[PDB]
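Undergrad: I'd like to ask some things about the structure below.
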Amino acid sequence: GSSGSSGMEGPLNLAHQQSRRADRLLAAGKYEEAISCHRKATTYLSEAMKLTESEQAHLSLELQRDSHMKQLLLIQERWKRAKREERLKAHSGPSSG
């Protein structure tokens, strides 16, 4: 590959394909949709390492996973907040007259 004859070039790209979706959804306020997106990628990552009998390979996973989760927790919280906020800032409910 690049400055090295090793690397987990496989389960990494696949997980990346999903990441994008989650992002494109976040912008559209489709948090929920994104939330899952991460749940899948992560699940697949955790399994990858549970398959590879190499050390380095496992590392590239334990690292990529971190974020895959860091965003999940960030999005989730960013949702429960909007659920109440948005509903407030959004024109809805009872009116004056």
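Here's how to read the names in the structure tokens: chain A, B, ... by the order shown, residue numbers from 1 in each chain, ligand numbers from 1 in the order shown.
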Which neighbours of residue 18 in chain A fall inside 7 Å, counting only C-alpha atoms, when residues of the same chain fewer than 4 positions from it are skipped, and could you give them as a list in words?
TA: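 With the cut-off at 7 Å, the set is residues 22, 37 and 41 of chain A.
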Undergrad: Give me a file of those residues, with N, CA, C and O atoms, as a compact mmCIF listing (two decimals), in the first residue's frame.
TA:
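Output file selection_29.txt is given in full below:
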```txt
# COMPACT_ATOMS: atom_id res chain seq x y z
N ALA A 22 -25.22 8.81 7.53
CA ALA A 22 -25.52 9.40 8.83
C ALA A 22 -25.33 10.91 8.80
O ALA A 22 -26.15 11.66 9.34
N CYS A 37 -27.59 4.25 11.64
CA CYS A 37 -26.46 4.16 10.73
C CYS A 37 -25.18 3.81 11.49
O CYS A 37 -24.41 2.95 11.06
N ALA A 41 -22.64 0.17 11.52
CA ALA A 41 -21.20 0.25 11.31
C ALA A 41 -20.43 -0.30 12.51
O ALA A 41 -19.55 -1.15 12.37
```
Undergrad: Neighbours of residue 52 in chain A within 12 Å (only C-alpha atoms; same-chain residues fewer than 4 positions away dropped), as a PDB file with N, CA and C atoms, in the first residue's frame?
TA:
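Saved as around.pdb:
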```
ATOM      1  N   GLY A   7      -2.236  -3.446   6.353  1.00  0.00           N
ATOM      2  CA  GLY A   7      -3.379  -2.568   6.525  1.00  0.00           C
ATOM      3  C   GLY A   7      -4.699  -3.305   6.418  1.00  0.00           C
ATOM      4  N   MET A   8      -5.689  -2.858   7.184  1.00  0.00           N
ATOM      5  CA  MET A   8      -7.006  -3.485   7.173  1.00  0.00           C
ATOM      6  C   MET A   8      -7.893  -2.862   6.100  1.00  0.00           C
ATOM      7  N   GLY A  10     -10.447  -3.059   4.061  1.00  0.00           N
ATOM      8  CA  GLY A  10     -11.618  -3.870   3.778  1.00  0.00           C
ATOM      9  C   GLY A  10     -12.815  -3.473   4.619  1.00  0.00           C
ATOM     10  N   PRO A  11     -12.810  -3.886   5.895  1.00  0.00           N
ATOM     11  CA  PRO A  11     -13.897  -3.582   6.830  1.00  0.00           C
ATOM     12  C   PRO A  11     -13.942  -2.105   7.206  1.00  0.00           C
ATOM     13  N   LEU A  45     -17.925  -3.450  12.930  1.00  0.00           N
ATOM     14  CA  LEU A  45     -16.540  -3.224  13.333  1.00  0.00           C
ATOM     15  C   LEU A  45     -16.144  -4.163  14.468  1.00  0.00           C
ATOM     16  N   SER A  46     -16.942  -4.169  15.531  1.00  0.00           N
ATOM     17  CA  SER A  46     -16.674  -5.021  16.684  1.00  0.00           C
ATOM     18  C   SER A  46     -16.513  -6.477  16.257  1.00  0.00           C
ATOM     19  N   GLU A  47     -17.268  -6.876  15.239  1.00  0.00           N
ATOM     20  CA  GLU A  47     -17.209  -8.244  14.735  1.00  0.00           C
ATOM     21  C   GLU A  47     -15.920  -8.480  13.952  1.00  0.00           C
ATOM     22  N   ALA A  48     -15.521  -7.485  13.168  1.00  0.00           N
ATOM     23  CA  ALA A  48     -14.307  -7.583  12.368  1.00  0.00           C
ATOM     24  C   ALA A  48     -13.125  -8.038  13.218  1.00  0.00           C
ATOM     25  N   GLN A  56      -2.274  -5.489  14.609  1.00  0.00           N
ATOM     26  CA  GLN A  56      -2.469  -4.218  13.924  1.00  0.00           C
ATOM     27  C   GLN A  56      -3.900  -4.089  13.412  1.00  0.00           C
ATOM     28  N   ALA A  57      -4.315  -5.043  12.585  1.00  0.00           N
ATOM     29  CA  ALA A  57      -5.661  -5.037  12.026  1.00  0.00           C
ATOM     30  C   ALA A  57      -6.693  -4.657  13.084  1.00  0.00           C
ATOM     31  N   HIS A  58      -6.644  -5.340  14.223  1.00  0.00           N
ATOM     32  CA  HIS A  58      -7.574  -5.074  15.314  1.00  0.00           C
ATOM     33  C   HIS A  58      -7.495  -3.614  15.751  1.00  0.00           C
ATOM     34  N   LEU A  59      -6.284  -3.070  15.763  1.00  0.00           N
ATOM     35  CA  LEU A  59      -6.072  -1.683  16.163  1.00  0.00           C
ATOM     36  C   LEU A  59      -6.855  -0.731  15.263  1.00  0.00           C
ATOM     37  N   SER A  60      -6.622  -0.835  13.959  1.00  0.00           N
ATOM     38  CA  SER A  60      -7.304   0.018  12.991  1.00  0.00           C
ATOM     39  C   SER A  60      -8.810   0.018  13.234  1.00  0.00           C
ATOM     40  N   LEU A  61      -9.294  -1.018  13.910  1.00  0.00           N
ATOM     41  CA  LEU A  61     -10.717  -1.140  14.210  1.00  0.00           C
ATOM     42  C   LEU A  61     -11.055  -0.456  15.530  1.00  0.00           C
TER      43      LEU A  61
END
```
Undergrad: In Å, how far is it from CA of residue 64 in chain A to CA of residue 30 in chain A?
TA: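 Going from CA of residue 64 in chain A over to CA of residue 30 in chain A covers 23.0 Å.
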Undergrad: Which residue, A:1, A:42, A:17, A:28, has the smallest gap to residue 66 in chain A when you use only C-alpha atoms?
TA: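 For residue 66 in chain A, the nearest of the candidates is A:42.
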Undergrad: At a cut-off of 12 Å, can you tabulate as CSV every residue of range 37-84 of chain A near range 89-97 of chain A together with its closest atom pair and the distance in Å to one decimal, using only C-alpha atoms and ordering rows by chain then number?
TA:
```
residue,atom,partner,partner_atom,distance
A:81,CA,A:89,CA,11.9
A:82,CA,A:89,CA,9.4
A:83,CA,A:90,CA,10.4
A:84,CA,A:89,CA,8.9
```
Undergrad: Hey, which of A:54, A:15, A:62, A:23 ends up closest to residue 40 in chain A? Count only C-alpha atoms.
TA: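 Using only C-alpha atoms, residue 40 in chain A sits closest to A:15.
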Undergrad: Please identify the helix (DSSP H, G or I) residues within chain A (assignment by DSSP from backbone atoms) and present them as a ChimeraX atom specification.
TA: /A:11-27,31-49,55-89
Undergrad: Neighbouring residues of residue 21 in chain A were defined as those with any atom within 9 Å, considering only C-alpha atoms; residues of the same chain fewer than 5 positions away were excluded. Please report them as a ChimeraX atom specification.
TA: /A:26,33-34,37
Undergrad: With N, CA and C atoms retained, write the just-selected residues as a PDB file, in the first residue's frame.
TA:
```pdb
ATOM      1  N   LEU A  26     -28.047  13.874   9.280  1.00  0.00           N
ATOM      2  CA  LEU A  26     -27.941  14.842  10.366  1.00  0.00           C
ATOM      3  C   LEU A  26     -28.292  16.246   9.883  1.00  0.00           C
ATOM      4  N   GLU A  33     -32.533   8.540  11.903  1.00  0.00           N
ATOM      5  CA  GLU A  33     -31.985   7.787  10.780  1.00  0.00           C
ATOM      6  C   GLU A  33     -30.479   7.596  10.935  1.00  0.00           C
ATOM      7  N   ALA A  34     -29.791   8.662  11.331  1.00  0.00           N
ATOM      8  CA  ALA A  34     -28.347   8.612  11.520  1.00  0.00           C
ATOM      9  C   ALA A  34     -27.976   7.708  12.691  1.00  0.00           C
ATOM     10  N   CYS A  37     -27.594   4.245  11.639  1.00  0.00           N
ATOM     11  CA  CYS A  37     -26.458   4.158  10.728  1.00  0.00           C
ATOM     12  C   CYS A  37     -25.180   3.810  11.485  1.00  0.00           C
TER      13      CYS A  37
END
```
